[PDB]
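J.: no FASTA, just this:
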Ligand SMILES: *[C@@H]1O[C@H](CO)[C@@H](O[C@@H]2O[C@H](CO)[C@@H](O[C@@H]3O[C@H](CO)[C@@H](O)[C@H](O[C@H]4O[C@H](CO)[C@@H](O)[C@H](O)[C@@H]4O[C@H]4O[C@H](CO)[C@@H](O)[C@H](O)[C@@H]4O)[C@@H]3O)[C@H](O)[C@H]2NC(C)=O)[C@H](O)[C@H]1NC(C)=O
Ligand SMILES: *[C@@H]1O[C@H](CO)[C@@H](O[C@@H]2O[C@H](CO)[C@@H](O)[C@H](O)[C@H]2NC(C)=O)[C@H](O)[C@H]1NC(C)=O
Ligand SMILES: *[C@@H]1O[C@H](CO)[C@@H](O[C@@H]2O[C@H](CO)[C@@H](O)[C@H](O)[C@H]2NC(C)=O)[C@H](O)[C@H]1NC(C)=O
Ligand SMILES: *[C@@H]1O[C@H](CO)[C@@H](O[C@@H]2O[C@H](CO)[C@@H](O)[C@H](O)[C@H]2NC(C)=O)[C@H](O)[C@H]1NC(C)=O
Ligand SMILES: *[C@@H]1O[C@H](CO)[C@@H](O[C@@H]2O[C@H](CO)[C@@H](O)[C@H](O)[C@H]2NC(C)=O)[C@H](O)[C@H]1NC(C)=O
Ligand SMILES: *[C@@H]1O[C@H](CO)[C@@H](O[C@@H]2O[C@H](CO)[C@@H](O)[C@H](O)[C@H]2NC(C)=O)[C@H](O)[C@H]1NC(C)=O
Ligand SMILES: *[C@@H]1O[C@H](CO)[C@@H](O[C@@H]2O[C@H](CO)[C@@H](O)[C@H](O)[C@H]2NC(C)=O)[C@H](O)[C@H]1NC(C)=O
Ligand SMILES: *[C@@H]1O[C@H](CO)[C@@H](O[C@@H]2O[C@H](CO)[C@@H](O)[C@H](O)[C@H]2NC(C)=O)[C@H](O)[C@H]1NC(C)=O
Ligand SMILES: *[C@@H]1O[C@H](CO)[C@@H](O[C@@H]2O[C@H](CO)[C@@H](O)[C@H](O)[C@H]2NC(C)=O)[C@H](O)[C@H]1NC(C)=O
Ligand SMILES: *[C@@H]1O[C@H](CO)[C@@H](O)[C@H](O)[C@H]1NC(C)=O
Ligand SMILES: *[C@@H]1O[C@H](CO)[C@@H](O)[C@H](O)[C@H]1NC(C)=O
Ligand SMILES: *[C@@H]1O[C@H](CO)[C@@H](O)[C@H](O)[C@H]1NC(C)=O
């Protein structure tokens, strides 16, 4: 039930980096895992990566491993995605999605792949 | 070859007597891995016992005791090592207790044994 | 100091962790080991300084690292964090007894005195090549599937009065503890499955505690014995920890330790006639590692039935300071680590070597 | 590696009819599928969880099943609000790798 | 001994060390020998002191031979002599609030 909220739009020169984020609210941050999705025009729901908040661990799609960092700020319930070496190929609407992991705080984390609480999507372009 | 393990707990005197008795009687004539892994280990244990024995029998030559189990010396007791009498130590103590009583003097004694052996060998060769 | 080798009755075909490990780690056990009983031999056995413990510890860690691979393993390094990710297959996991054996030239002394509490002279000593097999069980608070004392419950504390050391009392009777999962109960929380229940005979527990307090009273003759739960700390200590298969269980032992015996009587159990002390248990995915400092995550639970059947064979009890107490001593079950668990099993054995060359004065003279 | 091949993505179906959608894997997948309903300008909401479980707040109309490398979705008594782009996603790999689908549209 | 003074509800890092970087068991005790904090293998345990809700330790430094007692939200009542038991040696620090 996290009312995950999207950030603003961005435009960067190619070769630059962009950092975007989503704020989770209404529940404990640590009990939700988050992933990032890139809805590039004409594409499907491309997965960027995943972050575990109980264990500060992240996993990335192979083509983005040298380009993407996913992090989190446990005190501001904020999910972050940092993408470097930007290309026009990366023009897309970016967003977070949460997964509930009941009792993760106590060590009962499941690490599920079901994305239920979605942000709204922010467009990132290059120029 | 340490058939003397069963002597543990007996006194030094008793151990000596037991060996003499045994010596007279002896001299006078009076599922596969479970088999082969251990077969090798038992042979290794026995071959090693022989090798250590032979090694020591020759190492003892440095004190003039080569080839012997018991060898007598030309070095007296200094009584600083221990001031007990012969009967007290041989009759009221086991070998382990005895060793503990003097285990800080063994290097001193070993050194003296080497030295007197050298001098004795020298004396004979000078006389010849 | 030498390195002992292991032996076990490995089957090597069920693809179980201990049999797979043993297949290459250990040799077959000795089908006909000998034992020599020594006569008037007294030997000092110090269980707290027995190096066999460290060797057992290293072999167990290798077994665990080669088997129960976490999905995520976190190792702090000083102070960054190194994360290791591995495939997370589940494995069958059931301990096999492992024997330790002396290499050629060495032998193991065994203390056969049934009343020996350790840290001192054992008056009954025999020699063997191999120890009996020991089951490498990893657990806290209540140790499981160990050996039993021949006649009486034995306190083996390094120092009864130190308060920074454990009691590690072993029992002369095992108490069965049966832990089961509520099979086919599948329920999920939303914005359960991970549950188990452990049943302890209350009669056995009552008898066991009455006997334990009698021994504690002998050590503390003018005081009441009261039991409590932990004061805090990591979940592995606060609750009872054990595992079966790939499942790591945490059980709340509070129901077992809230008594106060003084006149060897507590009425802690109201003669409840339930006959069962039951513990609430949970199965966790993220646990603290026992293998030095670090944390690890395992894959979620098996969908079918999980059962554990264990023998409580001892308690890693501790005691409070006592400095500010008046007529009462407080004991708590929370405690233990793996070295303590092995000390309670390895206390009977010591490895020595014979040095055949000795000196004594006598009446003979060498002719020169 | 693991790839997801979907139906033609031009499914011509009238409202009130039962639409059939599909999700083929290049590699075996367990019941680790997620089916989503994307509307223009909207979040790609999850409707089916674990190949077959209603994800919550999901009409009975929308259901499916499958195993191995062949999974399906059907939408009974299809409503006009259901003419969305559907996605099938797979999370069965570990270390995580997500097959995120392609996207199929119902048409009329 | 070492003496460290803090104020009101702030936090203090009291320390014990070892030359042996092997996460060797140690304990912290107060002046009445009441266990406060200590190590049991890899796990942290606490004693029944007034500090169980305040005390912690830098677990990551245990294999560096550093075994601190960190107390947050100090109470005036916490002023005491704190005792380090590390290996065989003992060390002391006085805490004033
Ligand atoms: C103290 O000693 C006792 C024994 O002396 C130890 O108790 C044993 O603990 C093991 C723990 O698993 C238990 O083993 C099970 O026995 C069952 C008997 O039929 C087996 O069926 C079962 O195998 C299944 O479960 C395993 C769990 O990891 C799987 O790995 C295995 O592949 C099997 O899994 C299949 O079946 C399950 C059924 O629900 C299904 O869900 C799976 O998907 C799969 O289909 C285990 O072998 C022993 O029976 C116990 N012994 C006794 C007498 O009960 C005890 O643990 C020791 N104490 C400690 C603390 O270690
Ligand atoms: C040391 O204890 C052992 C263990 O009890 C004694 O030896 C055993 O005594 C029982 C008594 O019924 C026999 O059945 C066993 O066969 C004996 N075992 C062996 C290996 O002999 C032993 O005698 C005791 N020794 C001393 C010195 O008291
Ligand atoms: C066993 O525990 C007792 C009590 O805790 C230890 O006794 C203390 O030893 C220190 C050493 O200097 C003394 O200062 C204390 O006054 C002693 N306590 C009491 C109550 O007298 C004893 O030393 C411990 N045994 C060992 C071997 O450490
Ligand atoms: C542990 O003991 C409890 C005692 O209550 C068992 O619970 C009972 O199980 C029977 C089985 O049919 C039920 O009819 C009772 O109603 C249960 N009692 C209560 C209070 O719910 C429990 O099942 C035992 N554990 C195991 C593993 O059998
Ligand atoms: C744990 O499970 C075992 C096996 O089901 C129980 O063992 C039975 O205990 C009764 C008690 O008298 C015996 O009569 C049975 O013969 C035992 N069964 C077997 C196969 O031996 C055991 O009691 C259970 N433990 C607890 C604590 O309830
Ligand atoms: C073990 O279970 C008991 C319940 O049986 C828990 O203790 C309860 O904690 C609540 C919290 O306010 C109290 O109100 C209850 O009175 C407590 N009950 C008892 C029997 O003390 C206990 O905390 C659990 N312990 C662990 C380690 O999980
Ligand atoms: C178990 O230990 C706790 C301490 O952790 C005891 O609880 C304290 O009891 C005194 C009695 O007046 C209270 O003033 C304290 O505030 C209590 N402390 C806490 C943290 O609750 C508890 O009574 C002990 N139980 C037994 C059976 O001895
Ligand atoms: C210790 O805790 C246990 C449970 O947490 C208490 O035992 C149960 O108390 C209820 C109270 O109605 C009884 O119905 C149960 O039958 C009791 N269990 C058993 C096995 O009899 C226990 O009384 C507490 N003891 C103390 C001294 O506080
Ligand atoms: C104490 O707990 C044990 C847990 O096994 C109970 O034993 C079970 O009782 C149910 C009752 O129908 C039987 O169906 C189970 O087969 C029993 N289990 C075993 C392993 O035999 C035991 O009855 C409980 N004690 C009491 C008095 O209820
Ligand atoms: C028994 O335990 C006590 C604990 O202090 C110890 O002093 C005593 O020596 C132990 N028994 C033997 C034979 O040493
Ligand atoms: C334990 O069982 C005995 C059996 O007679 C009983 O007298 C005693 O009261 C029971 N429990 C306690 C805690 O004393
Ligand atoms: C508990 O001890 C008894 C004693 O014979 C034994 O039969 C039983 O198998 C033991 N249980 C376990 C789990 O080892």
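T.: Noted; the coordinates are in hand. Numbering: from 1, shown residues only, chains lettered A, B, ... in the order given. Ligands and ions are numbered 1, 2, ... in the order given.

J.: ok, for whichever residue of chain D sits closest to ligand 12, nearest residue in space, not its chain neighbours?
T.: As assessed by CB to the nearest ligand atom, ligand 12 sits closest to residue D:94 within chain D, at 33.6 Å. C-beta coordinates here come from the backbone N, C-alpha and C atoms, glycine included. Leaving aside its sequence neighbours, residue D:94 sits nearest to residue C:88 (CB to CB, 6 or more residues apart in numbering or on different chains; 5.9 Å).

J.: Based on its surroundings, how many neighbours for the residue of chain D closest to ligand 12?
T.: Around residue D:94 there are 16 other residues, counting by other CB atoms under 10 Å in any protein chain shown.

J.: Am I right that it is in a strand?
T.: No: secondary structure of residue D:94 (DSSP: H, G, I helix; E, B strand; the rest coil): coil, not part of a strand.

J.: Need the distance between the two termini of stretch C:125-140.
T.: The first and last residues of stretch C:125-140 sit 31 Å apart, counting by CA to CA, to the nearest Å.

J.: That stretch and ligand 1 in contact?
T.: Yes: using CB under 6 Å from any ligand atom, stretch C:125-140 comes into contact with ligand 1 via C:137, C:139.

J.: Next, the buried residues of that stretch.
T.: C:125, C:127-131, C:133-140 (16 or more other CB atoms under 10 Å in any protein chain shown).

J.: Export these as TSV, with columns for distance to residue B:4 and secondary structure.
T.: Listed next are these as TSV, based on distance: CB to CB, whole Å; DSSP: H, G, I helix; E, B strand; the rest coil:
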residue	distance to residue B:4	secondary structure
C:125	16	strand
C:127	13	strand
C:128	18	strand
C:129	18	coil
C:130	22	strand
C:131	24	coil
C:133	30	coil
C:134	31	strand
C:135	36	coil
C:136	37	coil
C:137	40	coil
C:138	42	coil
C:139	44	coil
C:140	46	coil
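
J.: Keep only those of the residues you listed that are also close to chain D.
T.: Among the buried residues of stretch C:125-140, not one lies near chain D by CB under 8 Å from any CB of the partner chain.

J.: For residue C:148, which non-adjacent residue is spatially closest?
T.: Of all residues not flanking residue C:148 in the chain, residue C:172 sits nearest, at 5.6 Å (CB to CB, 6+ apart).

J.: need the strands for the chain, in chain order.
T.: Reading this off chain A. Taking DSSP state E as the test, the strands found in chain A are A:5-6, A:10-12, A:18-23, A:32-39, A:46-52, A:57-60, A:68-73, A:78-83, A:92-100, A:117-118, A:122-126.

J.: think we crossed wires, I meant chain D
T.: Under DSSP E, chain D gives strands at D:4-6, D:10-12, D:19-25, D:33-38, D:45-49, D:53-54, D:62-67, D:70-75, D:85-90, D:104-107.

J.: Does chain A have contacts with the second one?
T.: This means strand D:10-12. No: Strand D:10-12 is not in contact with chain A by CB under 8 Å from any CB; minimum separation 15.3 Å.

J.: Which elements pack onto that strand?
T.: strand D:19-25, strand D:104-107 (3 or more CB pairs under 8 Å, 6 or more residues apart in numbering or on different chains; DSSP states H and E).

J.: got the contact list for residue B:4?
T.: Contact partners of residue B:4, counting by CB atoms under 8 Å, 6 or more residues apart in numbering or on different chains, are B:15, B:19.

J.: Actually, residue D:79.
T.: Counted by CB under 8 Å, 6+ apart, residue D:79 has contacts D:15, D:61.

J.: Most proximal residue of chain D with respect to chain B?
T.: Closest to chain B within chain D is residue D:94: 38.7 Å, counting by CB to the nearest CB.

J.: if we can go back for a sec, ligand 3 is nearest to which of the strands of chain A?
T.: strand A:57-60 (44.5 Å).

J.: picking up where we left off before, what's the burial count for the residue nearest to residue D:94?
T.: That count, for residue C:88 with other CB under 10 Å as the rule, works out to 18.

J.: re the thing from before, I'd like the strands of chain A laid out as a markdown table, including mean neighbour count and distance to ligand 5.
T.: Shown next, in a markdown table, are the strands of chain A (neighbours: other CB atoms under 10 Å in any protein chain shown; distance: least, CB to the nearest ligand atom, whole Å):
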| stretch | mean neighbour count | distance to ligand 5 |
| --- | --- | --- |
| strand A:5-6 | 16 | 53 |
| strand A:10-12 | 15 | 63 |
| strand A:18-23 | 20 | 51 |
| strand A:32-39 | 25 | 39 |
| strand A:46-52 | 22 | 38 |
| strand A:57-60 | 20 | 40 |
| strand A:68-73 | 18 | 46 |
| strand A:78-83 | 22 | 48 |
| strand A:92-100 | 24 | 37 |
| strand A:117-118 | 22 | 45 |
| strand A:122-126 | 17 | 59 |
